[PDB]
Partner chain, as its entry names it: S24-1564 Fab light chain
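First comes one chain, alone, set out as structure tokens in the form solved without the partner chain.
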């Protein structure tokens, strides 16, 4: 049963790192990163806390530090999750006027072709203390 290369698992944006002790959350209408090449319909998705698979020879540790990555709705590791679905490590965000449809046309990033774009939030967004974009 032939198998092709796995679908790209990288977020288009840099990490939102939890450098403090606050739990990640956003007010309703906030959280979606800036993407000038996306429509109002596309402004919806989730932050997913990065999980550990196979990075640890001497460590069996990686970076104890929590890192959260944004994925548009219907894309990434939780592509099959509907908006609002409750899961530890998933935070849902949506701008006003967003459409509840998969953003397959944006999809995910392939690191071998494109670099991550710096995660930027609109001016005056309420971000919890200790969270910083990388």
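Positions refer to the first chain, counted from 1.
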Per the entry, higher mean C-alpha B factor between 116-124 and 11-19: 116-124
Comparing mean C-alpha B factor in the record for 66-74 and 45-53, the higher one is 45-53
Check the PDB entry and point out which of 93, 90, 34, 61 has the largest C-alpha temperature factor. 61
Among all modelled residues of this chain, ranked by Cα B factor, put residue 100 in the bottom, middle or top third, i.e. lowest, middle or highest. highest
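If you look for the form deposited with the partner chain bound, you will not find it shown, but the lines that follow are about it.
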Scan 80-97 and note down the residues that get a heavy atom within 4.5 Å of the partner chain in the bound PDB entry; none is a fine answer too. 80, 82
